[PDB]
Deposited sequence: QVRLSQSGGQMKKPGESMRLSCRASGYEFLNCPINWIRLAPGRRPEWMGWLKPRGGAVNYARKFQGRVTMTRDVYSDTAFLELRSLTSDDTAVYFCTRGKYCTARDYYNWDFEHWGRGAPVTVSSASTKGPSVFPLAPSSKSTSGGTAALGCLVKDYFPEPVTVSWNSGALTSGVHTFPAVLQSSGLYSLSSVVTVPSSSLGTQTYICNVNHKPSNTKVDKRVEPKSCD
């Protein structure tokens, strides 16, 4: 069966270069072109170019010429790509694709029935940083709201639970947002009976694996 196997995602700094691989299997590699496509969230998908494993001939979109290099290793059926002078504009998920129709006689490149799992690439100047966690303290009908503010971490993602997962109902963990500083921020709130605040203790379980920071923040009425 046709399978495109991609190397994982990565975090670059602006100015650097990135390299990705894509090993094809289940078919005759020389039969038809390999493509590289980038998809940035809420942005029109961009075809970067194609490579014909036979001879290694290439075709680059005007936009990328001089920055991108596509090659292959015919023996291992692996396609390679490099992108130089990265800018934030380059942040995206990078895919390799192959057309549906691909025989010895001929092909049709542009019906992408086969895709790699994708390689998510973020380019920014932020360095991996663990979140400082601040309380969102409740205040005195029968329900009170409270949470933790998880601010200034990079990169995504962070996970948040309550009282070690013992508390699930009422929990609202919002999508992170990217601040103008390059660091992420998100909030996690929960509603509870405002009569529990007196006795019931509420804890914030924050886990940010990328920085190995694990915080148990106790939230209490102020």
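Report task. Identify which parts of the deposited sequence carry no C-alpha coordinates, going from the N-terminal end onward. Result -> No C-alpha for residues 141-144, 227-229.
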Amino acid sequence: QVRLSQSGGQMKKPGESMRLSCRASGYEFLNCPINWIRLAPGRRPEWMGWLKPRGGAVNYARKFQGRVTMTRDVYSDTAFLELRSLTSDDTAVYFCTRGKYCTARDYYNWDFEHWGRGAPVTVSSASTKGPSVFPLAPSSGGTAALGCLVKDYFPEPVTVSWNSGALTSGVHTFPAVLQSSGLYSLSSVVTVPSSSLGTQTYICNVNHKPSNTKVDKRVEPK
From here on, numbers count along this sequence of modelled residues.
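- Message: Which is higher on mean Cα B factor in this entry, 92-100 or 126-134?
- Response: Here the higher of the two C-alpha B-factor means belongs to 126-134.
Worksheet item: Which is higher on average in the deposited entry, the C-alpha temperature factors of 179-187 or of 193-201?
Response: According to the entry, 193-201 carries the higher average C-alpha B-factor.
Between 33, 49, 26, 45, which one tops the list for Cα B-factor in this entry?
Highest CA B-factor of the listed options: 26.
Checking the entry, which one of 173, 59, 69, 169 has the top C-alpha B factor?
When the deposited C-alpha B-factors of 173, 59, 69, 169 are compared, 169 is largest.
- Message: Please place residue 147 in the lowest, middle or highest third of its chain according to the CA B-factor in the PDB entry.
- Response: It falls in the middle third of the chain.
- Going by what the PDB entry lists, where does residue 106 fall on CA B-factor within its chain: lowest, middle or highest third? Its C-alpha B-factor belongs to the highest third of this chain's values.
**Prompt:** Comparing residue 11 with the other modelled residues of its chain, is its CA B-factor in the lowest, middle or highest third?
**Reply:** Residue 11: CA B-factor falls in the highest third of its chain.
Practice problem: Quick one: classify residue 55 as lowest, middle or highest third of the chain based on its Cα B-factor. | Solution: According to the entry, residue 55 has a C-alpha B-factor in the chain's lowest third.
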